[PDB]
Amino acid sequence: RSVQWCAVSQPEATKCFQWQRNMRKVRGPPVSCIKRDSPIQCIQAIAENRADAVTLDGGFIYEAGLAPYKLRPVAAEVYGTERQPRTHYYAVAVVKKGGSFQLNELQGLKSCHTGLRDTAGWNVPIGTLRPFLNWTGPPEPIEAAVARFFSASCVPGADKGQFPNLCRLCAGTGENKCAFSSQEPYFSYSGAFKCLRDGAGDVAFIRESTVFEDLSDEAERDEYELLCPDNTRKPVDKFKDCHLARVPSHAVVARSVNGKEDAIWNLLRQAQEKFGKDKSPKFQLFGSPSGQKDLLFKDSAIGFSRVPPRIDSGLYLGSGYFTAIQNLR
């Protein structure tokens, strides 16, 4: 037959055509390509058997699995190194030890977010805190509710103009203040942590490893702990037993019924073994051309991982995450 990939963009299309005719050359499994204008359109396409697979993030993993699609992950991107591969992380709420407030009592305190609408620093934390948010649904934006929950925060990317409150704690210079880039000292994960570390804010929403990467001294990081969902605090080494959500990697979604799980997989294994990470200078599966990034697959990816059967979107996501998504719906 052949597996039909779905490109959400036209540059994506070019790398797929590239992929298909490069699979030919190496006499491997064939792949055809489909252009669409959005991840959902691709979800529908695959859904109504116009295509066979597509790589999606958690969010669309959520979406694709819903009726009437019922799509399911079959192959998972893999980050890290061949030496140290990783298919996920944990979204954690860090704080400085010594306090008594818990996750259910963060109202009025100061928060430090990696970025606006980023998963770990936003979608997981703000979706989790949802019960404490005085928010009607749409059309009023969540920022609104968040802006009036915490007394002040740093959310790189937050609209300084509409929601100035979400940029108070930020530390960039002039117009670079609250900007969504390295210009903002409290940007991303390490900036988020430092935000907390500098006493600017009381809680940091980052991932479990930023701590370790940044705090070399074991006795230095005994100065921090984690805020667990069961309204209890814990050391940063107990992240597995004390996190807001377990965030998996982007996964290749496919039909639950008659999905061609194996064709896709047999195609995925081989495409990797030949055009995988620094395997060929002819064509590279994980790598976007100049000006373009994360085409088809995450460039930071280094391989794939088969997803066991009977594992749906919800089970793939995890409750923390899955709940975090619905809560914002």
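Sequential numbering from 1, following the sequence displayed.
In this crystal structure, the stretch out of 50-58 and 65-73 whose C-alpha atoms carry the higher mean B factor is 65-73. Mean CA temperature factor is higher for 18-26 when stretches 314-322 and 18-26 are set side by side in the entry. Which of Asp241, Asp217, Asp198, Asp118 has the largest Cα B-factor in the deposited entry comes down to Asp217. Out of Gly99, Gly191, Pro85, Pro125, it is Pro85 whose C-alpha atom has the highest B-factor in the PDB entry. When the CA B factors of the chain's modelled residues are split into thirds, the value for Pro229 lands in the middle one. Among the modelled residues of its chain, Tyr90 has a C-alpha B-factor that falls in the middle third, as given in the PDB entry. In the PDB entry, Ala271 places in the highest third of its chain by CA B-factor. Among the modelled residues of the chain, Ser38 sits in the lowest third by CA temperature factor in this PDB entry. Annotation for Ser249: CA B-factor lies in the lowest third of the chain's modelled residues.
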